[PDB]
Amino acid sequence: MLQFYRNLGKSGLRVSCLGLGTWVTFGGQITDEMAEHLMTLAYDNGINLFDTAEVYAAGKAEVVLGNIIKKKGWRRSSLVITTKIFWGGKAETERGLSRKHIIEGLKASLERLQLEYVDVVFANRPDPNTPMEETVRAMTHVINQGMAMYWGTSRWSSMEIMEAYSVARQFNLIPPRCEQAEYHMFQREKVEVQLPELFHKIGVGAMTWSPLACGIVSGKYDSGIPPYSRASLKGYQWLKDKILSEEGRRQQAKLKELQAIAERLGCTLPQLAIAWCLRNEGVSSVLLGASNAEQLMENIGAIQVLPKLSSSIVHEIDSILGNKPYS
């Protein structure tokens, strides 16, 4: 009963249930050649959603993504490109959601991407220093300038998203259409309980990230930090600490149990976890991450697992995770 393509929240934008992100990898961990191969595989398998941010690899991720698009020559109308704005430089005024940085930041991102506009521009996080009205007006401005088709939020509380909505309706500006939130077996509350309320009330869609908890859900950290794994990269000590933390080891324990279910279904753990993220219609799309083609092809294979996620399998997983949120 899976619909590979679905509307992003209550908007007319149709996105593939799986998208491909560029955090850590593009312009950073992987070569541009590998990046080109991964994007081609995604596109060829129906994926039309690609996410990035001005902050990724100090702008390099956008340059690489833009180069691939130009090199491959795919029709712009067949792509859904999203980018996030917030961290755009070391200067005081090069960060935040002020009208100045939203305009300067997106303009710079578009230049790096070699694109006239992105399909969705997201505030990468909330800005306690900028009044909602200014941010909503600025987002509306860039959309009206043809620099973006839609705008959205990321890591905003449901109250903040509703505040953006309130401002849009009070001053007749454009309402946000999507919230890019973390979602995986170890982070469920927001996406499973709060976001559905926003969907029904104001049509905001949910585009989720880190479906494997940065690779942790793959289960390859079962016995330490594998050489060259994300957690071993420079600038990712924070990920390593989480993995080696007491709770991180408790997560691995549960993964072992989940691993059993995977085998019982005939799929890998990552495939189980990703398919799990797409089990409810509440999620419009899950953004994937991959450092090589084997991972990406494996991940995309999650779609075949979906039909096997019976209410029985779901309850089993909840029993193991023991973190089913309260409705």
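Start at 1 and count along the sequence shown; that's the residue number.
- Look at the C-alpha B-factors of 253-261 and of 198-206. On average they run higher in 253-261.
- Relative to one another, 27-35 and 45-53 have unequal mean CA B-factors, and 27-35 is the one with the higher figure.
- The PDB entry assigns the greatest CA B-factor among 152, 211, 105, 235 to 235.
- Sorting 126, 175, 227, 146 by the CA temperature factor given in the entry leaves 227 at the top.
- Residue 131 sits in the lowest third of its chain by CA B factor, as recorded in the PDB entry.
- For residue 161, the recorded CA B-factor ranks within the lowest third of the chain. Only modelled residues enter the ranking.
- Among all modelled residues in this chain, the alpha-carbon of residue 293 has a temperature factor (C-alpha) in the highest third.
- Among all modelled residues in its chain, residue 267 ranks in the highest third by Cα B-factor.
- When the CA B factors of the chain's modelled residues are split into thirds, the value for residue 77 lands in the middle one.
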